[PDB]
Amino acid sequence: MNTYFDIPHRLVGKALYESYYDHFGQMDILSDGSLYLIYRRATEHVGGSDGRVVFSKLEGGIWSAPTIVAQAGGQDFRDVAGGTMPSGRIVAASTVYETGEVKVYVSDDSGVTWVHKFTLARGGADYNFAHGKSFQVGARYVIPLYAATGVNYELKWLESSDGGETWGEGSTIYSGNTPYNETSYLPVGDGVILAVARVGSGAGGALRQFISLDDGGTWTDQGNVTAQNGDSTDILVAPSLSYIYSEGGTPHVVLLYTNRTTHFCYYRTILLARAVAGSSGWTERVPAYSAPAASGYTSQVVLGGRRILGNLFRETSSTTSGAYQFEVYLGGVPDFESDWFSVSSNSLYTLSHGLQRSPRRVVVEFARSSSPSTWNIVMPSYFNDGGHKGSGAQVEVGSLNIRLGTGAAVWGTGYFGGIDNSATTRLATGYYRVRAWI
């Protein structure tokens, strides 16, 4: 019982590929520190094929021969939802394509043996589809589910209050005519739960954000996840969320999702405070892994409240796919950051930073557009064009605002090699971005 003993992980370049169609699963960690995957193994993706629920353990850098969790002739298990409970017990749940029923299995010996604990009858609904990383909400452990009944769609929670012994439908997140389905739920503390959902086929470039402040009792539709630069009308699927906090305690939410139009799995972040206030405020997207064709379905494990270990599935062909792992390096996430905003010469900009104390560090950068591929660091410089002129900006910091004073040129002097070597690099207008760290 040495809680000080650390078991590190290295997922860089790791993969589970055996020429099957392995997909739609979750990665999590065992009590002993070993990473594992619970997923659907089959030889096709079409509904009614040979899907079975399996478990694989990462040992010595190699994924072990999968253990069969659930299998039945004539039955096609679909997505595999689940994860590790606080008790160390593992939960794996999957919907049977042919019946639309959800079957729940658990393991108390780190994946060696599995026991069937529950089967959710569809009842009046066309089906109940299990999908996503399970999570804890108070004394309840939850398995996310989405269902449909004709033209009606719903987002539900399959919960257990006795450690996974008994289950039953719990909170209802959504019920309407909008095809919300794959949804990630992230408990972010004391009653608050954030959710991001895929919209129908995923086409449209949007992911929907919802939030509850009472452990799922009630929900508010916050609108589409919004950032300065989005994803056009691209197909976005299988969102997943992670919680982390900065070097000094500031909480942030990390969103992973797969864009099947650009063929990349990306992540974006947002200050938790901003996420609670609304769906805007997300940061720019960062590619975490290539995602060809029907790839995606991400999951994560967070270490030390700051180190994200991730997994996604990628196709090698229309009938073969594997699990590929990675790590996300967030660096020091800003406590405050502006989007790119237009600036002009010899002007004053006042930005409310909204921080608990004055930021000890500030960075100001310049770009020629609000969606730049490159940008420059802004520092108070000088140039002479017949008269004495300042270039860049001077900065003032206080407990309320960060104020910037621009020179005759918002950036550029013409005196530095390659990137600022001509009179024409002296720009009177453009865009600035301010980042501040407490």
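Position 1 is the first residue in the sequence shown; the rest follow in order.
Trainee: Which of the two stretches, 143-151 or 257-265, shows the higher mean Cα temperature factor in the record?
Mentor: Averaged over C-alpha atoms, the B-factors run higher in 143-151.
Trainee: If you take the mean CA temperature factor per stretch, which one wins between 152-160 and 280-288?
Mentor: Here the higher of the two C-alpha B-factor means belongs to 152-160.
Trainee: If you check the C-alpha B-factor for each of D190, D335, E169, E182 in the entry, which is highest?
Mentor: Checking the PDB record, the top C-alpha B-factor among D190, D335, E169, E182 is at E169.
Trainee: In terms of CA temperature factor as recorded, identify the highest of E247, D76, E365, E327.
Mentor: When the deposited C-alpha B-factors of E247, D76, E365, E327 are compared, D76 is largest.
Trainee: Quick one: classify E396 as lowest, middle or highest third of the chain based on its Cα B-factor.
Mentor: As the PDB entry reports it, the C-alpha B-factor of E396 lands in the lowest third of its chain.
Trainee: Taking the C-alpha B-factors as the PDB entry records them, is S107 in the lowest, middle or highest third of its chain?
Mentor: Ranked within chain, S107 CA B lands in the highest tercile.
Trainee: Among the chain's modelled residues, which third holds the C-alpha B-factor of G412?
Mentor: Lowest third, going by the recorded CA B-factors of the chain.
Trainee: Which third, lowest, middle or highest, does the C-alpha temperature factor of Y382 belong to within its own chain?
Mentor: According to the entry, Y382 has a C-alpha B-factor in the chain's highest third.
Trainee: What third of the chain, by the recorded C-alpha B-factor, contains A130?
Mentor: Tercile = middle for this residue's CA B-factor.
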